[PDB]
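Residues per chain, in single letters:
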There are 2 protein chains.
Amino acid sequence: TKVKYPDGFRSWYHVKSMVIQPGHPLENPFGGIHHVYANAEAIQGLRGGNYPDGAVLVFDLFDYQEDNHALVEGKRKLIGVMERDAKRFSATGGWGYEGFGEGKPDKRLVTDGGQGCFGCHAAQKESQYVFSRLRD
Amino acid sequence: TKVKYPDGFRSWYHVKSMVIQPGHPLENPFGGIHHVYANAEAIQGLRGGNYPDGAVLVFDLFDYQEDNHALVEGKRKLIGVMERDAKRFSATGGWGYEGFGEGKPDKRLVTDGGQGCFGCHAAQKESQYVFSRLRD
Ligand code: HEC
Ligand code: HEC
Ligand SMILES: [Zn+2]
Ligand SMILES: [Zn+2]
């Protein structure tokens, strides 16, 4: 019913990264450097299989500072989490969506059952609602 | 005494990332988005422990493209590798240095036994020649 905080996500597989700079549509609140991490079961789905129950993807979002044309990671702003469970999260296409302020377990950001997250991720219906792709 | 290509490095622990843009003093040759990875032995060293022989750090460098206020990962330009062996790599501080063009095992880049890489990393004598720091 509630998405579990993904303890230990930092030791998971790093899928990819991207920088969202001021002026981008997603600036509020997804601006900054973000890294995507996937647990073992999520890798399964990324590689072409079905996503099994228990698959977790994390969007790890850092602020950054521009210093002499380098962008340097600052503080973590939040994580976004998608947890796969076809039964429990059926209202939102089988993924549960949560945000944790500053990456802390006690700071839950979503107040609408995850419908707002779901509304945009629904555009990737064809890829099981996941935008990120494996790269080497 | 060649550095081994670090097979499977992409499933290692992601330490940190940084973006180096035009203007920054290191644009040539390290411009792009880079990610740092570490195997289990290197984490022992990064944690404040000592570095076991067999510790490997990888600098994975990507070109990026500007897309509407986002920087998006493009193609891999190269990986830099530091491989810990106090006796084998005595001449450059106990770390062997190698570059692989586009991350390819066949594209070895280093021609001078690693002297040029070591000359800059030698600035970090007091952290055992490693610039990166663990973060959360
Ligand atoms: C469009 C308006 C979005 C809304 C609202 C949300 N997300 Fe999102 N998300 C979006 C894109 C374009 C991406 C890909 C970023 C990239 O580097 O390519 C993402 C990514 C995620 C991920 C990583 C997995 C993936 O689908 O690629 C997670 C775990 C994720 N998003 C979670 C999430 C949550 C919990 C949201 C509401 C708080 C949410 N997203 C909103 C686009 C959009
Ligand atoms: C200064 C002119 C440099 C030269 C020449 C080389 N490297 Fe380097 N390296 C440099 C910095 C400032 C950093 C840290 C980047 C960051 O995000 O903090 C690095 C990092 C590495 C790493 C990751 C481990 C670490 O020390 O932080 C590796 C594996 C590494 N560098 C390898 C490497 C090799 C193989 C080189 C010659 C081909 C080389 N470096 C040159 C600065 C400089
Ligand atoms: Zn604009
Ligand atoms: Zn700039």
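Residues numbered from 1 in each chain as written, not as in the entry; some residues may be left out. Chains lettered and ligands numbered in written order. Heavy atoms only, no water.

Method of structure determination, per the deposited record: X-ray crystallography was used for this entry, reaching 1.80 Å resolution.

1. A word on the site of ligand 1
Residue and element names in this part refer to chain A. Keep this limit in mind: Proximity criterion: a residue is near a molecule or strand once any of its heavy atoms comes within 4 Å of it. Distance and chemistry together define a polar contact, namely a pair of N or O atoms within 3.5 Å, with one atom able to donate a hydrogen and the other to accept it when in protein, and with adjacent residues in sequence counting only for side-chain atoms on both sides. Strands are runs of DSSP state E lasting at least 2 residues, helices are runs of H or I lasting at least 4, and numbering of each runs from the N terminus. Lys, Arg, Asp and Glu make up the charged group, whereas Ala, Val, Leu, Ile, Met, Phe, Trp, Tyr, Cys and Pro make up the nonpolar group; the residues left over, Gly among them, are polar.
In the region of ligand 1, 21 residues are neighbours, and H34, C117, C120, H121 and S132 sit closest. Note that a nitrogen atom of ligand 1 is positioned 2.8 Å from one of the side-chain N or O atoms of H121. Elements that contribute at least two residues to the shell around ligand 1 include exactly β1 (13–20), β2 (32–38), β3 (56–67), β4 (70–84), β5 (95–101) and α3 (115–121). With 4 residues, the top contributor of residues to the shell around ligand 1 is α3. Looking at the shell around ligand 1, its residues break down into 14 nonpolar, 5 polar and 2 charged.

2. Regarding unusual backbone geometry
Quick note on the threshold: Three labels apply to residues, based on accessible area from a 1.4 Å probe with only protein chains included: buried if under 20% of the type maximum, exposed if over 50%, partly exposed otherwise in between.
Cis rather than trans, the peptide bond between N28(B) and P29(B) has omega equal to 10 degrees. Located in the positive-phi region is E102(A), a residue other than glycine, with phi close to 55 degrees. Here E102(A) is to be found in the loop between β5 and α3. Accessibility expressed as a relative area gives 33% for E102(A), which makes it partly exposed. Despite not being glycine, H69(B) has its phi angle at roughly 70 degrees, a positive value. Mapped onto the fold, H69(B) is located in the loop between β3 (56–66) and β4 (70–84).

3. Observations regarding the UniProt feature "binding site: Zn(2+) 1" (unreviewed entry) in chain A
Residue and element names in this part refer to chain A. Heads up, the condition is: UniProt positions are given in the numbering used here, feature names are shortened, and annotations may be inferred rather than shown by experiment. A contact between two residues is defined here by any heavy atoms of the two lying within 4.5 Å.
Under the UniProt annotation, "binding site: Zn(2+) 1" (unreviewed entry) lies at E27. Those residues in contact with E27 that sit more than four places away from it in its chain are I20, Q21 and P22. A polar contact of 3.0 Å, which involves the side chain of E27, links it to the backbone nitrogen of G23.

4. Overview of the pairing of β1(A)
Operational definition: Here the rule is simple: two strands pair whenever DSSP picks up at least two bridges between them.
A large share of β1(A) lies buried, amounting to 7 of its 8 residues. In this structure, β1(A) lies alongside β2(A), joined through 7 bridges in antiparallel fashion. Bridged to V19(A) within β2(A) is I33(A). Examined bridge by bridge, β1(A) and β4(B) share 3 bridges and lie antiparallel to one another.

5. Description of the coordination of the iron atom of ligand 2
Which entries qualify depends on this criterion: Counted as coordinating are nitrogen, oxygen and sulfur atoms within 2.8 Å of the metal, or 3.2 Å for Na, K and Ca, while water is not included, which may make sites look incomplete.
Inspection of the coordination sphere of the iron atom of ligand 2 shows a single protein donor, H121(B) (NE2), at 2.0 Å. Within the element layout of this structure, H121(B) appears in helix α3 (residues 115–121).

6. Quick notes on the site of ligand 2
Residues and elements named next belong to chain B. The immediate surroundings of ligand 2 are formed by 22 residues, with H34, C117, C120, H121 and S132 found nearest. Contact between ligand 2 and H34: an oxygen atom at 2.5 Å from a side-chain N or O atom of the residue. Secondary-structure elements contributing two or more residues to the shell around ligand 2 are β1 (13–20), β2 (32–38), β3, β4, β5 (95–101) and α3. Sorting elements by how many residues they give to the shell around ligand 2 places α3 first, with 4 residues. The residue inventory of the shell around ligand 2, partitioned by class, reads 15 nonpolar, 5 polar and 2 charged.

7. Re the environment of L78(B)
All names here are of chain B. Of note, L78 is situated in strand β4. The sequence separation of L78 and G116 amounts to 38 residues, and the corresponding C-alpha distance is 16 Å. Among residues more than four places away in sequence, those in contact with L78 are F59, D60, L61, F100, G101, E102, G103 and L109.

8. Comments concerning the side chain of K16(A)
Note that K16(A) resides in strand β1. Ignoring sequence-local partners within four residues, the contact set of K16(A) consists of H34(A), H35(A), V36(A), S132(A), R135(A) and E73(B).

9. What about the relation of the copies chain B and chain A?
Defined as follows: Least-squares superposition on the C-alpha atoms is how the copies are aligned.
After a rotation of 180 degrees and a shift along the axis of 0.0 Å, chain B superposes on chain A with an RMSD of 0.4 Å. When the rotation and shift are considered jointly, the pair of chain copies conforms to a two-fold rotation axis. Residue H14(B), judged by its C-alpha, is the member of chain B lying nearest the rotation axis, at 3.3 Å.

10. A few points about the packing of aromatic side chains
Threshold: Under the pairing criterion, centres of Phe, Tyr and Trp rings, with the six-membered ring standing for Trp, must be within 6.5 Å; the plane angle then separates stacked pairs below 30 degrees from edge-to-face pairs above 60, leaving the rest tilted. Criterion for a charge above a ring: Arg CZ or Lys NZ at most 6 Å from the ring centre, at most 35 degrees from the ring normal.
Applying the stated criterion to the full structure yields 12 aromatic pairs over all chains. A centroid spacing of 5.0 Å and a plane angle of 85 degrees characterise the contact between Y5(A) and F100(A), whose relative ring orientation is edge-to-face. Of this pair, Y5(A) sits in the segment before β1 while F100(A) is found in strand β5, placing the two residues 95 residues apart along the sequence. Accessibility assignment for this pair places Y5(A) and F100(A) in one class, buried. Within the aromatic cluster, the residues linked to one another by ring pairs are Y97(A), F118(A) and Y129(A). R135(B) extends its terminal NZ or CZ atom over the ring of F62(A), reaching a point 4.3 Å from the ring centre.

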